[PDB]
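Data block below; observations after.
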Amino acid sequence: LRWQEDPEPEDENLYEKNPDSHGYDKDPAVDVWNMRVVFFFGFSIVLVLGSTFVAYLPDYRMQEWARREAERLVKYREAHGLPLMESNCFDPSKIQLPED
Amino acid sequence: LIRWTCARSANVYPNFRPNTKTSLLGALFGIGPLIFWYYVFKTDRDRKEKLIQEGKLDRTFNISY
Amino acid sequence: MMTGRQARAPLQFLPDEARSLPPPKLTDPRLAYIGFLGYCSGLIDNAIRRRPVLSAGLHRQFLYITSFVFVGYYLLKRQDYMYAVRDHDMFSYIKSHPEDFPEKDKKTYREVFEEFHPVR
Amino acid sequence: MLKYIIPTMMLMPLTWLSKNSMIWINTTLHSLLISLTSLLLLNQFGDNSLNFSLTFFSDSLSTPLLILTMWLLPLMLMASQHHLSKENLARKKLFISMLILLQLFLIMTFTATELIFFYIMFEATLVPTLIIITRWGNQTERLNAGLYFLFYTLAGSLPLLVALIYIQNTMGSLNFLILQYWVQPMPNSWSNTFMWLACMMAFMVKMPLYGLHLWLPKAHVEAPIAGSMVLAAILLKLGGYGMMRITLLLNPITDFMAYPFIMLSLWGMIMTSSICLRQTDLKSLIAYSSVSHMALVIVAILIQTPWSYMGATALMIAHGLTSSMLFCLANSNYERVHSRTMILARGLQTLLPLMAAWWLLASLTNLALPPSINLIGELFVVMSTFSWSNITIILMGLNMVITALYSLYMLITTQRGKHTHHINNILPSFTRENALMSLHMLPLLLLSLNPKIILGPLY
Amino acid sequence: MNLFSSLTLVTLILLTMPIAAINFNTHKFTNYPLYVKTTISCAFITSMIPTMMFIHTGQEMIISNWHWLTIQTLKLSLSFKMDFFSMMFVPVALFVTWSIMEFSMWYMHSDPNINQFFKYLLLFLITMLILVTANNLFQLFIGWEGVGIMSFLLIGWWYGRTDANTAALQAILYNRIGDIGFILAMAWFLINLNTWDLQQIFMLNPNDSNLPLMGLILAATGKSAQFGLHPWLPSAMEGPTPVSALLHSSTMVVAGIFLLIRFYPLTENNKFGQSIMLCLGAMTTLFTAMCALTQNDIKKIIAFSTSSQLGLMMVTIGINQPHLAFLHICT
Amino acid sequence: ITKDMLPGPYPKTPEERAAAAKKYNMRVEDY
Amino acid sequence: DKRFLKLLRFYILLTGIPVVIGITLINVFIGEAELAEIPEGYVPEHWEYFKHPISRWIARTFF
Amino acid sequence: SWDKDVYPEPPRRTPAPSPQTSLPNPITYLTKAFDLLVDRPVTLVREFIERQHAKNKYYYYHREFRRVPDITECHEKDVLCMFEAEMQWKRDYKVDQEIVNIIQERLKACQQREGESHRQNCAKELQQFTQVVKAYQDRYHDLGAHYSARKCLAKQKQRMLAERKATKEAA
Amino acid sequence: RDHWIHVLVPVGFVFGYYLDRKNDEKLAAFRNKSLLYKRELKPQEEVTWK
Ligand SMILES: CCCCCCCCCCCCCCCCCC(=O)OC[C@H](COP(=O)([O-])OCC(O)COP(=O)([O-])OC[C@@H](COC(=O)CCCCCCCCCCCCCCCCC)OC(=O)CCCCCCCCCCCCCCCCC)OC(=O)CCCCCCCCCCCCCCCCC
Ligand SMILES: CCCCCCCCCCCCCCCCCC(=O)OC[C@H](COP(=O)([O-])OC[C@H](O)COP(=O)([O-])OC[C@H](COC(=O)CCCCCCCCCCCCCCCCC)OC(=O)CCCCCCCCCCCCCCCCC)OC(=O)CCCCCCCCCCCCCCCCC
Ligand SMILES: CCCCCCCCCCCCCCCCCC(=O)OC[C@H](COP(=O)([O-])OCC[N+](C)(C)C)OC(=O)CCCCCCCCCCCCCCCCC
Ligand SMILES: CCCCCCCCCCCCCCCCCC(=O)OC[C@H](COP(=O)([O-])OCC[N+](C)(C)C)OC(=O)CCCCCCCCCCCCCCCCC
Ligand SMILES: CCCCCCCCCCCCCCCCCC(=O)OC[C@H](COP(=O)([O-])OCC[N+](C)(C)C)OC(=O)CCCCCCCCCCCCCCCCC
């Protein structure tokens, strides 16, 4: 024969001793307070107020500013006859070149 | 069913023997496509870079990449 | 490396010029970490003798914390002293050998030419 | 970042001093409070990163990874409290302490300003993960799987240690903020070739690269549910985060060193997806799908265009949520039938209709249904690889067929057809399980409304 | 202006309101199918006003109302194109869907999941009007994949049947093979034109439009079940008769034809694309009508009928008559 | 489930072939 | 399943309805700001560069 | 509203309704019903809310970044100055991106508004679009995901060397 | 306190937040000294940021 071993325990059903079990614990008061903690601090706090926070971020990575600033610059240079964007990012007067 | 899944997963390597057929099939289906797609994509990108640095490829409105 | 510096006054843990250095504060985070190591030593000492881990031997846990803070304060003084000696010898050697440490001309990027490598 | 490090450390006395019926509820509550506080990282700027100190900083790459990391701990606590209900109390507290310690290593992995502190936290993440797999895994093979997970990572990463200390000696620093401004072009040589390999292969193992992926369908299968969630949702993304930090230093040599690995990924995402067509183990099917999705992130980092980095960080966040939800669904069946065989329990929509709706939504986000951020990352990587080479769309599009085919076959085998007659322990879905599914899926669908926070440093 | 765009968006939001009603339920509904049928009747009546004032003046517009996502130079906005194609196809689809759902209130009367059936059928209608009112390729891809997934869920309605799951996965397979070409088209237009919007695609008007039009033809071959990607539309008769009647006769299956009709400024200048469309449509309308001659399942015969008529639609696109093709859709 | 009901190596001796056929619940003539 | 969906909708609406009512009260009674030119010599605070009141509250309070 | 010169609109010319038939169009009846039942109550609610806005009026500002020295006049490996130059360059890159977005909005609005004669009537918008895309492509294309002011300066110097060699070999 | 354990994580937040603010005063080398943001001090003000 083989050694001294406990037999395989059965898988428990949380609905037999507690038909209103939420799956958290076998103590029903602990189970229901675990449910309320998960649903309040997960859905009522992080999801709702978190989506409110993400929805009202103060110009996340300043895109809106960059629209409005662009709305300045075009409006500055539609008038003065300047081209809307130079192809050179830096002034060629302040660039030394390697001669040849 | 347990025997089927243990054959399909766990018994594969302990009953593997490297020989002629397994080496030719593992090098044919293992690195053959790697060599193939390497030379296809390298040829396409060398052709593309050679067109771009000569001013031949129409990259006019291409400012997203 | 610095074996000749601490050889004219041998076996001094803290020399006299270490007193010219500011000592570590008693609220040093390194010293508080060593106190935490003492507290963990007290907890392991209660655990290996099967005492109640947080409750038993508060005099013993407090002597663990006290001994690690006490030893670690001097260890931090010696650490700060040796890095101070390191920088002092570095700077005196740089000052004493200007032929080896030239002041390099910092060129601006309008003159500096770098090869561009396009990602495409 | 010390406003996130100290609450994560205070979760240790919070979990060791709680009452025996209270150690799940308190940790879940306060980890949700830490995850609520994690949104203060969203103070990101168009020009500068959010640079807290000499040690810690956060740009828009690390910020979604940090919010996902701090969000995954309550979900791991919810997932792992049923199957550890019969556990000893001290071992249960040690399990929770390993998850807390892993989160503590992860949040200062992603915020390490200096790259050797990144390496130390990046390799400190092995020890809680290894202990969790080899201690609370279910089957025999967890010891072997822990060995594979350990010794692929360390064999890839101990060259990375030498490489980072070499950059430390050459440049004088491993500050990422300094190395943004002192980076030198890395010329073509054999020295720089093995420099590139030593910088990249540790993260290739972490992604995983195809061919190096053999640790993953063991380590993600032989683990408990919290281990699979943190492995497939966060720990595969350390590789992508590390590549996006380290390819700054590897130019212009990457522009031809990437060519084999791109092939290994572009063919790899064809193979591993195809492997998901013929897997019997559902957890292994989710594992090979993880390899298939992370191959796109490897390609997008190695082609190093802006659209590719945006799609790669979107696809990493989206795959984190999706694959974590899929592992939780596979556990929701495995807690009932006690076998990971996918053909065993069929027709489960006849018995669990709301859970079948969760399976449906997870499989639709798995197959990159628009406008989910799964599809946003998928589509942007496809755009950037089309700009890389116009032929790759074939290998993309064929993948986008097979990605559909295993995502619905998994839905058809598990949930559809006639149910298995001899299985009669299929309980109704507990409120904990559907709570876990909703906390996976509702953030994933809300991020479709505002995807710009998960698009990375160059939105 | 203020009437046109208002009732335009009121049609779509009115369709989305019973989805909120079925998702916010606690009770057993007092005839939710009657509620959805009344909703679609009213949506048809609402959509007839912008149709009448398009018959009056020819009033087209664009509602780019919600800025969604700017990828550095690609501004994806929630953009709705009210032109001739939307103004005619939206009331026809609403009228047909209203008839299909009053049919479904009888044909599916014994079904205990009838509210799920009307939920899925309304979600199909919402995604199809997302498809046909779209102004950029991303939102059109949303409607495209949406009608593909609602096709999956409505073919595999009796999910215990193996053949329904098999035909649904078949339909998804052929549609994703078409989606390869659709994403090829989106990729070409983004890389070469920096846009997914239809207006910039039509204004730049490229002459090297071989590859994107081949991608769009592959997308239409997937979606409209042309030759090579045809058999899923006869296989799709496994779903209920309102599924085979709304989705697989009139509304979803014309989306590939509608996609090629939508890009008529590009097909009118590509004779090679017109030749490929003409040959593929003639091949499809021959082959499916020939297969229809000997079938005995009546839904298979009518499915080969509608695939033959889709092939005829592809023919009349291929002879540079896109408006006759769209008239044949609405007919 | 136990080890000698799991799949094993390739059978060569006829008693090993018969033990395999008994393991997979089929005849030796059909194995 | 019905108990879960009732609890899900309840714990969403529990803070969702007061936040929607509060956002309505802010948009009606507090109100969206108006774009002005910077005066001469005046240094605006960093939260005075944002338009919505909740965004100004976030930029003043936390960021 | 917005600035009517950066987003220009041509003058609307609608024809006077000249009905030839004897049947009444339903569109005028529906226009009056929309004016009564919809436009007036929406107008009243908006006037109520706007009075509530005017009861407490406060202002937000456009942030003005003064120009700092760019990457050319920063010394090599001098992080305190080249950091400021890099932040300046990144803000300019984001703003140039939105300039391209403005010109794309102009082109698409012109195409829809002109309708069928869009190919003739939108030549100026097409020309401005081609110029601004050529400028953006010369300035920022092919830099990579690890772009910087140094990358853009190196691309500009390579382009200027190519232009100088092409000029000199043509003389 | 009957619920002393429910302040271990929030106080550990605030203290941590406190230390973050305390670190900012050690990184105040270039306060009102950068070329972008340097300006004259307004009256009743001693530092630009804290
Ligand atoms: C009601 C219950 C609703 C549900 C509650 C529970 C919801 C669940 C929990 C949610 C928890 C929070 C989650 C985070 C949300 C945070 C808020 C947020 O993100 O807001 C964003 C966004 C911006 O809000 P904001 O930044 O605060 O305001 C910006 C303004 O510049 C500044 O604001 P303003 O001052 O300019 O705005 C004024 C506005 C105040 O603004 C608000 O209240 C906006 C905040 C509402 C947020 C609601 C979000 C909840 C989700 C809504 C969507 C799902 C609803 C359920 C399903 C519906 C069907 C789909 O004033 C009014 O509301 C009054 C106007 C009333 C008009 C109607 C009646 C007029 C005639 C009356 C005649 C009778 C009386 C005459 C005499 C009167 C004498 C006094 O707000 C919205 O998007 C509001 C929702 C409605 C948008 C338009 C809807 C139509 C769009 C149609 C085309 C597009 C769709 C096409 C689809 C096609 C089919 C496929
Ligand atoms: C900022 C505020 C935002 C407010 C608005 C919310 C925005 C979206 C949030 C998520 C919405 C869906 C949530 C419910 C689904 C999961 C649970 C479920 O299945 O319940 C069934 C259950 C009703 O079924 P039942 O009969 O009781 O039992 C279920 C059956 O046993 C068996 O069930 P079944 O199979 O018969 O029914 C499942 C059916 C199955 O149908 C499908 O699977 C077909 C769906 C795909 C094709 C159609 C959609 C294609 C995309 C177009 C739509 C998006 C763009 C539209 C715009 C125009 C174009 C651009 O799905 C639905 O009925 C759901 C319709 C909506 C699906 C959304 C797309 C999911 C597909 C995968 C991702 C694709 C991209 C997502 C983009 C999201 C953008 C926001 O619904 C509920 O009890 C609802 C519970 C409350 C839900 C709250 C949702 C918001 C939570 C956020 C909280 C924090 C923020 C505060 C806002 C609160 C607002 C109230
Ligand atoms: C982030 C990385 C980690 C990921 C996991 C994180 C988990 C932890 C949770 C953290 C908090 C939550 C994070 C995500 C929040 C995302 C939500 C959010 O902020 O959204 C902002 C977006 C912001 O959009 P916006 O940018 O337009 O907002 C304008 C900006 N303000 C408000 C300042 C003027 O919110 C909305 O869009 C809200 C719009 C109203 C509500 C939605 C209406 C439409 C819903 C569908 C209707 C039906 C249509 C047809 C379909 C029919 C059915 C198929
Ligand atoms: C996942 C498992 C596989 C992991 C693979 C990891 C990467 C593969 C290559 C690793 C090579 C070793 C680390 C290289 C570090 C380079 C740092 C550096 O300064 O390089 C430039 C230096 C150059 O020297 P230098 O820089 O001092 O010289 C001065 C500069 N010049 C050249 C101008 C004079 O490279 C070297 O010194 C040698 C580099 C190659 C080293 C080969 C020995 C290791 C053999 C392969 C080990 C592979 C993994 C082992 C584990 C396998 C599984 C068990
Ligand atoms: C029952 C609830 C309804 C509301 C009841 C209470 C209010 C009563 C009536 C008054 C109306 C509410 C006040 C006015 C509304 C808000 C006005 C406003 O300026 O809002 C700010 C803005 C308007 O857009 P915006 O352009 O000003 O801001 C976008 C933000 N930036 C610029 C930073 C990008 O947001 C909204 O209005 C959000 C509404 C969204 C509605 C549609 C959602 C579709 C969801 C699909 C998601 C995925 C799409 C992917 C594809 C996109 C296309 C490619």
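Labeling convention for the structure tokens: chains A, B, ... as they appear, residues from 1 per chain, ligands from 1 in order of appearance.
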
Using only C-alpha atoms and a distance of at most 9 Å, pull out the residues of chain D that contact chain A, as an mmCIF file with N, CA, C and O atoms, in the first residue's frame.
```
data_model
loop_
_atom_site.group_PDB
_atom_site.id
_atom_site.type_symbol
_atom_site.label_atom_id
_atom_site.label_comp_id
_atom_site.auth_asym_id
_atom_site.auth_seq_id
_atom_site.Cartn_x
_atom_site.Cartn_y
_atom_site.Cartn_z
ATOM 1 N N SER D 21 -10.720 37.279 9.264
ATOM 2 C CA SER D 21 -11.800 37.431 8.305
ATOM 3 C C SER D 21 -11.703 38.726 7.514
ATOM 4 O O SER D 21 -12.511 38.946 6.609
ATOM 5 N N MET D 22 -10.724 39.574 7.817
ATOM 6 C CA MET D 22 -10.655 40.918 7.267
ATOM 7 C C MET D 22 -9.487 41.138 6.318
ATOM 8 O O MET D 22 -9.387 42.226 5.744
ATOM 9 N N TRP D 24 -8.722 40.115 3.370
ATOM 10 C CA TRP D 24 -8.983 40.353 1.959
ATOM 11 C C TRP D 24 -9.659 41.688 1.736
ATOM 12 O O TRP D 24 -9.318 42.409 0.791
ATOM 13 N N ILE D 25 -10.587 42.038 2.623
ATOM 14 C CA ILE D 25 -11.431 43.201 2.412
ATOM 15 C C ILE D 25 -10.632 44.481 2.610
ATOM 16 O O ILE D 25 -10.779 45.443 1.847
ATOM 17 N N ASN D 26 -9.748 44.496 3.611
ATOM 18 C CA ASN D 26 -8.939 45.678 3.885
ATOM 19 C C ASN D 26 -7.935 45.931 2.773
ATOM 20 O O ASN D 26 -7.754 47.077 2.340
ATOM 21 N N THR D 28 -8.167 44.860 -0.337
ATOM 22 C CA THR D 28 -8.913 45.247 -1.528
ATOM 23 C C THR D 28 -9.327 46.712 -1.470
ATOM 24 O O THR D 28 -9.136 47.450 -2.445
ATOM 25 N N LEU D 29 -9.832 47.157 -0.313
ATOM 26 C CA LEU D 29 -10.237 48.548 -0.115
ATOM 27 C C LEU D 29 -9.072 49.506 -0.314
ATOM 28 O O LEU D 29 -9.161 50.463 -1.093
ATOM 29 N N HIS D 30 -7.960 49.257 0.369
ATOM 30 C CA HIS D 30 -6.885 50.232 0.325
ATOM 31 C C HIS D 30 -6.074 50.147 -0.958
ATOM 32 O O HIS D 30 -5.523 51.160 -1.398
ATOM 33 N N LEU D 32 -7.642 49.610 -3.794
ATOM 34 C CA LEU D 32 -8.495 50.445 -4.636
ATOM 35 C C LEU D 32 -8.303 51.926 -4.351
ATOM 36 O O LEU D 32 -8.419 52.744 -5.267
ATOM 37 N N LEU D 33 -7.984 52.289 -3.110
ATOM 38 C CA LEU D 33 -7.693 53.693 -2.827
ATOM 39 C C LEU D 33 -6.372 54.129 -3.454
ATOM 40 O O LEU D 33 -6.258 55.255 -3.958
ATOM 41 N N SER D 35 -5.176 52.785 -6.197
ATOM 42 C CA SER D 35 -5.457 52.856 -7.626
ATOM 43 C C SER D 35 -6.273 54.090 -7.983
ATOM 44 O O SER D 35 -6.168 54.594 -9.106
ATOM 45 N N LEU D 36 -7.096 54.578 -7.055
ATOM 46 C CA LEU D 36 -7.778 55.848 -7.265
ATOM 47 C C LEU D 36 -6.789 56.999 -7.234
ATOM 48 O O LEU D 36 -6.935 57.974 -7.979
ATOM 49 N N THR D 37 -5.779 56.904 -6.378
ATOM 50 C CA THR D 37 -4.787 57.962 -6.306
ATOM 51 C C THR D 37 -3.837 57.928 -7.499
ATOM 52 O O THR D 37 -3.259 58.962 -7.854
ATOM 53 N N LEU D 39 -4.311 58.162 -10.526
ATOM 54 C CA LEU D 39 -4.657 59.083 -11.596
ATOM 55 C C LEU D 39 -3.950 60.426 -11.489
ATOM 56 O O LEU D 39 -3.980 61.196 -12.450
ATOM 57 N N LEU D 42 -1.358 61.543 -14.182
ATOM 58 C CA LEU D 42 -1.802 62.060 -15.470
ATOM 59 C C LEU D 42 -1.496 63.537 -15.665
ATOM 60 O O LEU D 42 -1.990 64.131 -16.626
ATOM 61 N N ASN D 43 -0.697 64.141 -14.787
ATOM 62 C CA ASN D 43 -0.180 65.494 -14.976
ATOM 63 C C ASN D 43 0.974 65.443 -15.977
ATOM 64 O O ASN D 43 2.146 65.624 -15.645
ATOM 65 N N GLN D 44 0.625 65.193 -17.231
ATOM 66 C CA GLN D 44 1.616 65.054 -18.279
ATOM 67 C C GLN D 44 1.543 66.241 -19.222
ATOM 68 O O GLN D 44 0.475 66.815 -19.446
ATOM 69 N N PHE D 45 2.693 66.600 -19.770
ATOM 70 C CA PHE D 45 2.851 67.814 -20.544
ATOM 71 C C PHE D 45 3.258 67.455 -21.963
ATOM 72 O O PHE D 45 3.798 66.376 -22.220
ATOM 73 N N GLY D 46 2.985 68.373 -22.889
ATOM 74 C CA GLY D 46 3.319 68.135 -24.280
ATOM 75 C C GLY D 46 4.802 68.136 -24.565
ATOM 76 O O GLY D 46 5.239 67.476 -25.512
ATOM 77 N N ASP D 47 5.586 68.850 -23.763
ATOM 78 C CA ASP D 47 7.025 68.935 -23.954
ATOM 79 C C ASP D 47 7.818 68.117 -22.946
ATOM 80 O O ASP D 47 8.735 67.388 -23.328
ATOM 81 N N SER D 60 4.415 59.868 -20.348
ATOM 82 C CA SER D 60 3.143 59.278 -20.731
ATOM 83 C C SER D 60 3.262 57.831 -21.184
ATOM 84 O O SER D 60 2.253 57.245 -21.575
ATOM 85 N N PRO D 74 -6.045 45.053 -6.771
ATOM 86 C CA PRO D 74 -7.362 44.645 -6.246
ATOM 87 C C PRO D 74 -8.010 43.529 -7.035
ATOM 88 O O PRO D 74 -8.628 42.639 -6.443
ATOM 89 N N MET D 78 -9.223 39.877 -5.668
ATOM 90 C CA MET D 78 -10.546 39.306 -5.910
ATOM 91 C C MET D 78 -10.445 37.948 -6.582
ATOM 92 O O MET D 78 -11.193 37.025 -6.244
ATOM 93 N N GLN D 81 -8.860 34.967 -3.966
ATOM 94 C CA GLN D 81 -9.346 34.692 -2.620
ATOM 95 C C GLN D 81 -10.271 33.488 -2.547
ATOM 96 O O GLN D 81 -10.508 32.980 -1.446
ATOM 97 N N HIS D 82 -10.803 33.017 -3.673
ATOM 98 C CA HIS D 82 -11.647 31.833 -3.607
ATOM 99 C C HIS D 82 -10.817 30.567 -3.483
ATOM 100 O O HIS D 82 -11.063 29.742 -2.599
ATOM 101 N N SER D 85 -9.142 30.035 -0.126
ATOM 102 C CA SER D 85 -10.000 30.162 1.047
ATOM 103 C C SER D 85 -9.656 29.116 2.098
ATOM 104 O O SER D 85 -9.685 29.405 3.299
ATOM 105 N N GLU D 335 -12.500 26.724 -11.708
ATOM 106 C CA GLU D 335 -12.974 26.547 -10.343
ATOM 107 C C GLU D 335 -14.210 25.667 -10.267
ATOM 108 O O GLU D 335 -14.543 25.190 -9.177
ATOM 109 N N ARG D 336 -14.884 25.434 -11.389
ATOM 110 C CA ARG D 336 -16.066 24.591 -11.455
ATOM 111 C C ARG D 336 -15.782 23.193 -11.983
ATOM 112 O O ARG D 336 -16.265 22.217 -11.406
ATOM 113 N N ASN D 425 -21.739 20.154 -11.725
ATOM 114 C CA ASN D 425 -21.355 21.083 -10.672
ATOM 115 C C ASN D 425 -21.174 22.505 -11.186
ATOM 116 O O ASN D 425 -20.424 23.286 -10.595
ATOM 117 N N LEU D 427 -22.082 25.756 -11.008
ATOM 118 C CA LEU D 427 -22.809 26.684 -10.170
ATOM 119 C C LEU D 427 -23.139 27.956 -10.941
ATOM 120 O O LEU D 427 -22.520 28.242 -11.968
ATOM 121 N N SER D 429 -22.934 31.994 -11.516
ATOM 122 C CA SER D 429 -21.802 32.902 -11.381
ATOM 123 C C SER D 429 -21.909 33.689 -10.087
ATOM 124 O O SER D 429 -22.927 34.340 -9.830
ATOM 125 N N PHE D 430 -20.869 33.609 -9.265
ATOM 126 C CA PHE D 430 -20.810 34.386 -8.042
ATOM 127 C C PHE D 430 -20.682 35.870 -8.372
ATOM 128 O O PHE D 430 -20.257 36.254 -9.464
ATOM 129 N N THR D 431 -21.066 36.708 -7.410
ATOM 130 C CA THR D 431 -21.005 38.153 -7.602
ATOM 131 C C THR D 431 -19.563 38.635 -7.695
ATOM 132 O O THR D 431 -19.271 39.596 -8.415
ATOM 133 N N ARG D 432 -18.653 37.938 -7.012
ATOM 134 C CA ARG D 432 -17.224 38.213 -7.110
ATOM 135 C C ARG D 432 -16.703 38.036 -8.532
ATOM 136 O O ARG D 432 -15.924 38.865 -9.019
ATOM 137 N N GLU D 433 -17.141 36.978 -9.219
ATOM 138 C CA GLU D 433 -16.626 36.676 -10.552
ATOM 139 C C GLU D 433 -17.086 37.708 -11.574
ATOM 140 O O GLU D 433 -16.283 38.215 -12.365
ATOM 141 N N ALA D 435 -18.096 40.684 -10.847
ATOM 142 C CA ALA D 435 -17.429 41.914 -10.440
ATOM 143 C C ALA D 435 -16.039 42.009 -11.044
ATOM 144 O O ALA D 435 -15.633 43.071 -11.523
ATOM 145 N N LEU D 439 -14.789 44.797 -13.711
ATOM 146 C CA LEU D 439 -13.635 45.639 -13.427
ATOM 147 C C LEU D 439 -12.501 45.420 -14.414
ATOM 148 O O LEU D 439 -11.600 46.258 -14.499
ATOM 149 N N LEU D 442 -15.124 47.139 -18.116
ATOM 150 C CA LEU D 442 -15.592 48.524 -18.130
ATOM 151 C C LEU D 442 -14.485 49.582 -18.200
ATOM 152 O O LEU D 442 -14.699 50.583 -18.904
ATOM 153 N N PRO D 443 -13.310 49.447 -17.550
ATOM 154 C CA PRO D 443 -12.216 50.374 -17.897
ATOM 155 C C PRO D 443 -11.751 50.246 -19.333
ATOM 156 O O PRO D 443 -11.444 51.259 -19.972
ATOM 157 N N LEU D 446 -14.318 52.074 -21.423
ATOM 158 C CA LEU D 446 -14.293 53.510 -21.177
ATOM 159 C C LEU D 446 -13.062 54.170 -21.778
ATOM 160 O O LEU D 446 -13.127 55.339 -22.168
ATOM 161 N N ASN D 450 -11.718 58.023 -24.454
ATOM 162 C CA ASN D 450 -10.598 58.949 -24.313
ATOM 163 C C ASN D 450 -9.305 58.158 -24.417
ATOM 164 O O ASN D 450 -8.653 57.867 -23.409
ATOM 165 N N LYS D 452 -6.405 59.026 -25.631
ATOM 166 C CA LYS D 452 -5.159 59.780 -25.694
ATOM 167 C C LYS D 452 -4.313 59.624 -24.442
ATOM 168 O O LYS D 452 -3.120 59.937 -24.477
ATOM 169 N N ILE D 453 -4.890 59.137 -23.343
ATOM 170 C CA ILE D 453 -4.082 58.883 -22.159
ATOM 171 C C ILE D 453 -3.345 57.560 -22.231
ATOM 172 O O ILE D 453 -2.473 57.318 -21.394
ATOM 173 N N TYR D 459 2.154 61.341 -28.340
ATOM 174 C CA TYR D 459 0.810 61.606 -28.827
ATOM 175 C C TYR D 459 0.738 62.943 -29.553
ATOM 176 O O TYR D 459 0.788 64.002 -28.929
#
```

Neighbours of ligand 1 at 8 Å or closer, counting only C-alpha atoms and all ligand atoms: which residues, as a PyMOL selection string?
(chain A and resi 48-49+51-52+55-56) or (chain E and resi 9-10+12-20+65-66+78+126-127+129-130) or (chain G and resi 12-13+15-17+19-21+23-28+31-32+52) or (chain H and resi 38+41-46+48-50)

With only C-alpha atoms and all ligand atoms counted and 7 Å as the cut-off, give the residues of chain E in contact with ligand 2, each with its shortest interatomic distance in Å and the pair that gives it, as JSON lines.
```
{"residue": "E:19", "atom": "CA", "partner": "ligand 2", "partner_atom_place_in_ligand_line": "65 (C)", "distance": 7.0}
{"residue": "E:22", "atom": "CA", "partner": "ligand 2", "partner_atom_place_in_ligand_line": "23 (C)", "distance": 6.2}
{"residue": "E:23", "atom": "CA", "partner": "ligand 2", "partner_atom_place_in_ligand_line": "81 (O)", "distance": 4.1}
{"residue": "E:24", "atom": "CA", "partner": "ligand 2", "partner_atom_place_in_ligand_line": "84 (C)", "distance": 5.8}
{"residue": "E:25", "atom": "CA", "partner": "ligand 2", "partner_atom_place_in_ligand_line": "27 (O)", "distance": 6.9}
{"residue": "E:78", "atom": "CA", "partner": "ligand 2", "partner_atom_place_in_ligand_line": "60 (C)", "distance": 6.3}
{"residue": "E:116", "atom": "CA", "partner": "ligand 2", "partner_atom_place_in_ligand_line": "36 (O)", "distance": 5.1}
{"residue": "E:120", "atom": "CA", "partner": "ligand 2", "partner_atom_place_in_ligand_line": "41 (O)", "distance": 6.8}
{"residue": "E:123", "atom": "CA", "partner": "ligand 2", "partner_atom_place_in_ligand_line": "48 (C)", "distance": 5.9}
{"residue": "E:127", "atom": "CA", "partner": "ligand 2", "partner_atom_place_in_ligand_line": "52 (C)", "distance": 6.1}
{"residue": "E:130", "atom": "CA", "partner": "ligand 2", "partner_atom_place_in_ligand_line": "59 (C)", "distance": 5.6}
{"residue": "E:139", "atom": "CA", "partner": "ligand 2", "partner_atom_place_in_ligand_line": "60 (C)", "distance": 5.2}
{"residue": "E:142", "atom": "CA", "partner": "ligand 2", "partner_atom_place_in_ligand_line": "51 (C)", "distance": 5.8}
{"residue": "E:143", "atom": "CA", "partner": "ligand 2", "partner_atom_place_in_ligand_line": "52 (C)", "distance": 6.7}
{"residue": "E:146", "atom": "CA", "partner": "ligand 2", "partner_atom_place_in_ligand_line": "47 (C)", "distance": 4.4}
{"residue": "E:149", "atom": "CA", "partner": "ligand 2", "partner_atom_place_in_ligand_line": "47 (C)", "distance": 5.8}
{"residue": "E:150", "atom": "CA", "partner": "ligand 2", "partner_atom_place_in_ligand_line": "47 (C)", "distance": 6.0}
```
